[PDB]
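Structural features, examined
Okay, here's what each chain looks like letter by letter:
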There are 2 protein chains.
Amino acid sequence: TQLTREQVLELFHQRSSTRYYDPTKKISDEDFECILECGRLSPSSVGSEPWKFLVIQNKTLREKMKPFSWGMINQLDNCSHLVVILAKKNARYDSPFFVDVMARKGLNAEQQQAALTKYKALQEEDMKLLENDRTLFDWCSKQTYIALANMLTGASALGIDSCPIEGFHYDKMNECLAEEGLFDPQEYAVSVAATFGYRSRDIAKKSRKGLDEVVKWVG
Amino acid sequence: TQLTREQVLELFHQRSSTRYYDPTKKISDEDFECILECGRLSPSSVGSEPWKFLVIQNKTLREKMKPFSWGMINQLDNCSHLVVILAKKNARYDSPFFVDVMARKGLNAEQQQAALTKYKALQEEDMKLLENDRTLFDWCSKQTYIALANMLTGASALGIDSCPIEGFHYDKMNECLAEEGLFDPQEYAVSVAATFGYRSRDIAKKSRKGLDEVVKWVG
Ligand SMILES: Cc1cc2nc3c(=O)[nH]c(=O)nc-3n(C[C@H](O)[C@H](O)[C@H](O)COP(=O)(O)O)c2cc1C
Ligand SMILES: Cc1cc2nc3c(=O)[nH]c(=O)nc-3n(C[C@H](O)[C@H](O)[C@H](O)COP(=O)(O)O)c2cc1C
Ligand SMILES: O=C(O)c1cccnc1
Ligand SMILES: O=C(O)c1cccnc1
């Protein structure tokens, strides 16, 4: 709730990508539930929350991923928890998906038509998202990277290590998960994944570009 | 550095999108540098770190933004600080950008050709990023939304309010900032923005989907 600049900086400095997990250690259900809340409570463009969190504790499913998940093949067997994040497909301003968005905010027929023209201008004019399906999906997939970032940070504040994962064949992971009946492949598609647990090895040297190279002040 | 579940949960409940800032309150330079570090230290796919943070404190430049920034119109006049986050364009596995990435990790000719083979498979086969410029750019822009999320959360743990911003004409924001010579428009393009300051109104309550609607457990 309140931290000092030296605790805040250390909290973001201390989080590291953990590629080797201790299979003997596992996260508590209350610890992981608060990690998932970090995700659920994340902000998202126009309150869209275009995400779904699949928690893959089934061990037969983890083994089936191994062949096309080179980024986490040596993490799938030992991590305590695995999360695959999906992003909403085709979240157009006039889609049922956005009727639910407006409905969660209690919008009358007039409030909805004003919000609808705002969504349209955002998607069609401001960001040019309705050229094809991939650009619109990537917009919701961007929001899911917000939830991903917050789950990593919330985990690291609870002493739990993590690794974000993109190292897998999207097409094969999509098919494997949709054929296992875990989501409707016309409404959602995989966006990014993440492992959680406790490090087995040591945490390496934090390496990033300098602050003076990545910031330009405009005064 | 270490928080309890009540503190972590409260940290993500307390962060809210602030549309109304107190113009008499400014964030100190030391507080704002610690917010910028939160972004700099964020994880990124293959350590790409594909972001640049523009801090727009010039009030003439802010005023030039108001006509096409409906999402931020009143925030531009009262927020303490404004950050426009750029994402790298054309970040192909065989680009100079990725020679810099490999160079910061110190790889020899053998390690660079092995890593280049992994970047190739990741970008071309696994994620299908190389079918046009937009898909490759949107990959880096997803990374920058991680940096965005960490800046919002790091700011709120310091007691500083914020609001992520997508509500603006992107084409016109790219042009306006490139005409001030702030980046090379063939190397970078605007990804997302954020305002920071101290709110003038109180936090309204979280409205999110339930944990039971957005989490699917597979045991
Ligand atoms: C990427 C992104 C862009 C956003 N753009 C704007 C914006 O332009 N203007 C605005 O007022 N709010 C914007 N929001 C704020 C969201 O509406 C807000 O996150 C959501 O309604 C949830 O509220 P909370 O953030 O207050 O929890 C944006 C949020 C995100 C994540
Ligand atoms: C979106 C995303 C995907 C990532 N994918 C993988 C991955 O598949 N496998 C992996 O080992 N690390 C992956 N990483 C970890 C990064 O390589 C790591 O974050 C970065 O190099 C910085 O190191 P640090 O996080 O330990 O500081 C990923 C990171 C991000 C952000
Ligand atoms: O998220 C919002 O509420 C929002 C986004 C863009 C423009 N106006 C509002
Ligand atoms: O970020 C990495 O280190 C990474 C990303 C994808 C696949 N393997 C490694």
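Positions are assigned from 1 on a per-chain basis following the written sequence, which can diverge from the numbering of the entry; residues without coordinates are not listed. Note on labels: chains are lettered from A, ligands numbered from 1, in written order. No hydrogens and no water enter the side-chain calculation; it runs on all heavy atoms of the structure.

Per the PDB record, the structure was determined using X-ray crystallography to 2.3010 Å resolution.

Moving on, we get to the nonpolar core. Nine residue types can take part in a nonpolar core, namely buried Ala, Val, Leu, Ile, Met, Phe, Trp, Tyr and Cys, and a core is a set of them joined through side-chain atoms within 4.5 Å. When accessible area is computed with a 1.4 Å probe and restricted to protein chains, residues below 20% of their type maximum are described as buried, those above 50% as exposed, and intermediate ones as partly exposed. One finds A:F196, B:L177 and B:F196 to be the most contacted residues of the largest nonpolar core, which totals 154 residues. Any two residues having at least one pair of non-hydrogen atoms within 4.5 Å are treated as being in contact. Apart from residues no more than four positions distant in its own chain, B:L177 is found in contact with B:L54, B:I56, B:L61, B:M65, B:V84, B:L182, B:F183 and B:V190.

Below, the discussion takes up the interface of chain B and chain A. Listed by partner, the interface residues are 90 residues for chain B and 88 residues for chain A. Using a 1.4 Å probe, buried area is obtained as the accessible area two parts lose upon being combined, added over both of them. Both sides together, the interface formed by chain B and chain A hides about 8100 Å², and carbon and sulfur atoms give 61% of it. Salt bridges are defined by distance alone: a side-chain nitrogen of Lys or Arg within 4 Å of a carboxyl oxygen of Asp or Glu. Inspection of the region where chain B meets chain A yields 7 salt bridges. In this structure, A:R134 engages B:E131 in a salt bridge whose closest nitrogen and oxygen atoms are separated by 3.1 Å. Polar contacts, as used here, are pairs of N or O atoms within 3.5 Å; protein pairs need one atom able to donate a hydrogen and one able to accept it. Residues neighboring in sequence count only if both atoms are side-chain atoms. If you look at where chain B meets chain A, you find 52 residue pairs in polar contact. Only helix 1 (5-14), helix 2 (29-40), strand 1 (51-56), helix 6 (109-126), helix 7 (133-157), helix 8 (170-179), helix 9 (211-214) and strand 5 (215-218) of chain B provide two or more residues apiece to the side of chain B that touches chain A. All amino acids are sorted into three groups, where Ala, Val, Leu, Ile, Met, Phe, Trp, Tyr, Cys and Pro are nonpolar, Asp, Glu, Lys and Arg are charged, and the leftover types, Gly among them, are polar. When its residues are assigned to classes, the side of chain B that touches chain A shows 39 nonpolar, 25 polar and 26 charged. Alignment of strand 1 (residues 51-56) of chain A against strand 5 of chain B, held across 4 bridges, turns out to be parallel. Counted as the bridge partner of A:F53 is B:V215 from strand 5 of chain B. Helix numbers and strand numbers start at the N terminus; a helix is a DSSP run of H or I with at least 4 residues, a strand a run of E with at least 2. Two strands qualify as a pair provided that DSSP identifies no fewer than 2 bridges between them.

With respect to spatial proximity, 20 residues lie near ligand 1, and among them B:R15, B:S17, B:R19, B:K206 and B:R208 are the closest. A cutoff of 4 Å decides nearness: a residue is near a molecule or strand if any of its heavy atoms lies inside that distance of it. Near ligand 1, the surrounding residues belong to chains A and B. Measuring from an oxygen atom of ligand 1, one finds a backbone N or O atom of B:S17 at 2.9 Å. Within the contact set of ligand 1, an oxygen atom lies 3.0 Å away from a backbone nitrogen or oxygen of B:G167. When ligand 1 sits alone it has 600 Å² of accessible area, and the protein chains cover 87% of it. Note on areas: Shrake-Rupley with a 1.4 Å probe; residue coverage comes only from the protein chains shown.

Below, the discussion takes up the UniProt feature "binding site: NAD(+)" in chain A. UniProt positions are given in the numbering used here, feature names are shortened, and annotations may be inferred rather than shown by experiment. Per the UniProt record, "binding site: NAD(+)" is annotated on A:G154, A:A155, A:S156, A:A157, A:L158 and A:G159. For A:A157, the position within the fold is in helix 6 (residues 133-157). Contacts of A:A157, omitting those with residues within four sequence positions, involve A:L11, A:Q14, B:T1, B:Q2, B:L3 and B:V8. With respect to the element layout, A:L158 can be found in the loop between helix 6 and strand 3 (161-165). Judged by relative accessible area, which is 11%, A:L158 ranks as buried. The contacts of A:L158, once residues within four sequence positions are left out, are A:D31, A:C34, A:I35, B:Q2, B:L3, B:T4, B:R5 and B:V8.

We superpose the copies by least squares, fitting on C-alpha atoms. Superposition of chain B onto chain A requires a rotation of 180° combined with a translation of 0.0 Å along the rotation axis, giving an RMSD of 0.3 Å. Viewed as a symmetry operation, the transformation between the two copies matches a two-fold axis. Comparing interface residues between copies, 98% of those in chain B also lie at the interface in chain A; the contact surface is shared.

Disulfides are defined as pairs of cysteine sulfur atoms found within 2.5 Å of each other. This structure, assessed with the given rule, holds 0 disulfides over all chains. As a non-bridged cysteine, A:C163 has A:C79 as the owner of its nearest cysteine sulfur, 10 Å distant. In this structure B:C140 is not part of a disulfide, and its nearest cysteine sulfur, from A:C163, lies 18 Å away.

It is worth spelling out the sheet that holds strand 5 (residues 215-218) of chain A at this point. Strand order in the open sheet formed by 5 strands is 5(A)-1(B)-2(B)-4(B)-3(B), and the pairing between neighbours is mixed. Of all strands in the sheet, those with a lone pairing partner are strand 5 of chain A together with strand 3 (161-165) of chain B, marking the two edges. Within the sheet, the average angular offset between the axes of one strand and its neighbour, ignoring direction, is 25°. Bridging between strand 2 (residues 81-88) of chain B and strand 4 (residues 188-197) of chain B involves 8 bridges; their strand directions are antiparallel. Looking at the pairing, B:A87 lines up with B:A189 of strand 4 of chain B. Convention adopted: a line fitted to C-alpha atoms gives each axis, helices being fitted over their contacting stretch, and angles between N-to-C directions are expressed from 0 to 180 degrees. Sheet contacts for helix 7 of chain B: strand 1, strand 2, strand 3 and strand 4 of chain B; angle to strand 4 of chain B, the most-contacted strand, approximately 10°.

Right, let's get into helix 2 (residues 29-40) of chain A. Turn by turn, an α-helix covers 3.6 residues, leaving residues three or four places apart pointing in a common direction. Residue and element names in this part refer to chain A. The end-to-end C-alpha distance of helix 2, which contains 12 residues, comes to 16 Å, matching closely the 16 Å that a straight helix rising 1.5 Å per residue would cover. Burial analysis of helix 2 places 9 of its 12 residues in the buried class, which makes it a mostly covered element. Within helix 2 the residues assigned to the buried category are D31, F32, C34, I35, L36, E37, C38, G39 and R40. To estimate the expected span of a helix, count its residues, drop one, and scale the result by 1.5 Å.

Once that is clear, we can look at empty space enclosed by the protein. Computed over the protein atoms alone on a 1 Å grid, cavities are sets of points where a 1.4 Å probe fits but cannot get out and pockets are open sets with protein on both sides within 12 Å along at least five of seven lines; a residue lines them when it has an atom within 4 Å of a point. Grid points are joined across faces, edges and corners, and a volume is the space filled by probe spheres set on the points. Overall, the coordinates contain 1 cavity of 30 Å³ or more when judged by the stated rule. Size it by volume and the largest cavity reaches roughly 40 Å³. Every residue lining the largest cavity is listed: A:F12, A:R15, A:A149, A:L152, A:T153, B:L41, B:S42, B:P43 and B:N150. Broken down by element, the lining of the largest cavity gets its largest block of residues, 3 residues, from helix 6 of chain A.

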